[PDB]
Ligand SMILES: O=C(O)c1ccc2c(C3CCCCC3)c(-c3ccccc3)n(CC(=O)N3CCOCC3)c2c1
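In the form deposited without the named molecule, a lone chain appears below as structure tokens.
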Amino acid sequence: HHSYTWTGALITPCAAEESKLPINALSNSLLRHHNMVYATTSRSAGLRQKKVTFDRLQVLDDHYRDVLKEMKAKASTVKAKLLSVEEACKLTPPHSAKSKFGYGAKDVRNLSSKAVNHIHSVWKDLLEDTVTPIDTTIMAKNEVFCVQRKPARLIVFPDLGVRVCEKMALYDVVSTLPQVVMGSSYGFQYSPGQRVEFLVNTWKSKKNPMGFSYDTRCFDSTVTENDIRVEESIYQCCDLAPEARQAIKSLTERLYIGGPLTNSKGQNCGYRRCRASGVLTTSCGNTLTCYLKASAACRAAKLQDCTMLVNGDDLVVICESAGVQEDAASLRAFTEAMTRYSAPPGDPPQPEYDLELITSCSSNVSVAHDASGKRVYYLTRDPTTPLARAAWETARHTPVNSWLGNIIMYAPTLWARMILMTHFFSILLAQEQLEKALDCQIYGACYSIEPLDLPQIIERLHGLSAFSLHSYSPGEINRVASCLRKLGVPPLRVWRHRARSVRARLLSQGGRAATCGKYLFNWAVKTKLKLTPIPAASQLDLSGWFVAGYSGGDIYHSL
């Protein structure tokens, strides 16, 4: 029951890898302590392998099965449709990994005959063959972090032709089933403000609120063949075309359950018997499996009035405190139950009685004040990683622009507004690229977004309050200030000055550019403006922006 097996061949890169933070003429204006930023490479792949390789044990009891039966009952009310080849193709990221069969993402998106014919042939093979394991590629991810160094994460994905077939058979499923099965507990259905709203309204729902987060040690490796088959049983509960049932069955047996691992050089690196992190069902499956195990675990632990919030492998639980002593005991029972379900904790879960002290999805609730001085809750997080990546993206263009995604997701925060917005808008203006669409990711899906639309986008996801928040909490203030000292980032005084400069230059531009200056940097001037709803803000089609998670799902969308 080992998560993985290895032949000994090394996980190889498909291009030159940089470890040290690239430096340019802009670097210092943001960060001085360059040696604290690094990017993980294949060189550490070996360390990760040893961490994610272990034997799994599972003891499923009646609570587990009772929760599963309930989940299947909700799942049966779901009706999913097969996606056409064209539809699935249009969902393919312009820069997705090219197929090993003579065509790439560009060919897929343009519906080239070669790409369509191969896709159709792969689809046919899935319907006729439900046994032969599908090949996958294992790569060491290149991610940027701040020191104090972690080994590179691994990514396992099948060929482009297969990814397109996954979409056809399961896109509609993984996009709609989770919300029906888990209801208000499915986190990807909420925007940042909606997630904060759900957490506060839930916290208040309890007379004696108590909450905690649960971090499973390498969740993907804890997923057993049973878990993957259980997820399939849930999918099959949906009303599906017979052709889709066969495709989902086949993908489960040949890909999801496990298969061979091939490095970028074509050598067999080993075999996988756990969750593949680079497939379409990675997010939905982890969310379903985490919710199933945690729900059953809550019962075993006898937690009162439990309200859960699940996002992939990230879990949040808010319930009725039965006392400080009893809570601690319950939590331990919960952990023991989770462990029996093959989901041991990486870090011991601790009970919190202060919402702001609960961190889930690397984030936490905090409070500030809007123009009217009213108390307003918002989602924030430790700026360290976001700032380390912003430095890298300062001297190196990357496939994913983390700074953009961070600005969109945490626009109300002190650090995103003061630093991220000021810094990158200054750069955009200098290169006159304000209107250039850039790629960023929201909940694992890729989106092409033009900086000039940030104002309208932020107003839609956070409301005008994001443009005028102030008097942040002492806790948040200290955490940001510490980060800035650690990384060597200029003080507010400096950023405010740079913001006025950027703001003035934007206003001169006019059009949307001026809108960016007026709204994004109204906090910089001494005499703030009124700031009213943006007209074109209703034209934006953010329908599929916050519906589900697609981490590793190879999903694309054009705004």
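One rule holds for the numbers: they count along the sequence shown, beginning at 1.
Below, we turn to the form solved in complex with the named molecule, even though it does not appear here.
- For this ligand-free form, the site is classified blocked because the named molecule, superimposed from its arrangement in the deposited complex, has three or more atoms within 2.4 Å of the backbone and C-beta atoms.
- Annotated contacts: 37, 495 and 498 all touch the named molecule in the deposited complex [non-hydrogen atom within 4.5 angstroms].
- In summary, among the residues 263, 394, 342, 202, the only one with a non-hydrogen atom within 4.5 Å of the named molecule in the deposited complex is 394.
- Of the candidates 240, 454, 388, 234, 388 is the one whose heavy atoms come within 4.5 Å of the named molecule in the deposited complex; the others do not.
- Heavy atoms of residue 78 never reach within 4.5 Å of the named molecule in the deposited complex, leaving it off the interface.
- Residue contact check for residue 423: one or more of its heavy atoms lie within 4.5 Å of the named molecule in the deposited complex.
- Contact check for residue 489: a non-hydrogen atom falls within 4.5 Å of the named molecule in the deposited complex.
- Under a 4.5 angstroms non-hydrogen atom cutoff, the named molecule in the deposited complex lacks residue 165 among its neighbouring residues.
- Picking from 380-388, 82-90, 265-273, 173-181 the stretch near the named molecule in the deposited complex, with a 4.5 Å limit on heavy atoms, gives 380-388.
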